[PDB]
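Chains as they are written, first to last, in the authors' numbering: chain C, 1 to 33; chain A, 1 to 33; chain B, 1 to 33.
Ideal Cβ positions, reconstructed from N, Cα and C, are used throughout, including at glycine.
Right, one structure below, let's go through it.
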Amino acid sequence: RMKXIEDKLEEXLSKXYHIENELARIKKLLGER
Amino acid sequence: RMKXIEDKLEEXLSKXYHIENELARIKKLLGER
Amino acid sequence: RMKXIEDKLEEXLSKXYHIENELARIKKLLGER
């Protein structure tokens, strides 16, 4: 259970580079310049 | 605390349906890749 | 290990108010309620 918590935080840290690229894709389509 | 980490990670995971609806509403208004 | 798990949950909580500010910047770039 501790490793399978750690693996599912890591998948947290990884989705959170992906969304934190997606938000700055979208804001920079919405013309923030 | 491990279970009240697991359920309150699961509640992390449940948002990633809603955010990944909203990011793909927005980018797909923007007509986009 | 568990305390430094709990701190990186708390960072879950901080990013999931931050992203839910970013999505509501994006709505107010979309002209939207």
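Contact defined as beta carbons within less than 8 Å: I believe residue i pairs with residue j. What is the distance between those atoms, to the nearest angstrom?
i                       : j                       : result
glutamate 6 (chain A)   : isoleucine 5 (chain C)  : 7 Å
residue 101 (chain C)   : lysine 8 (chain B)      : Outside the modelled stretch of chain C, which goes from 1 to 33, sits residue 101 (chain C), for which no answer is possible.
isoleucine 26 (chain C) : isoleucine 26 (chain A) : 6 Å
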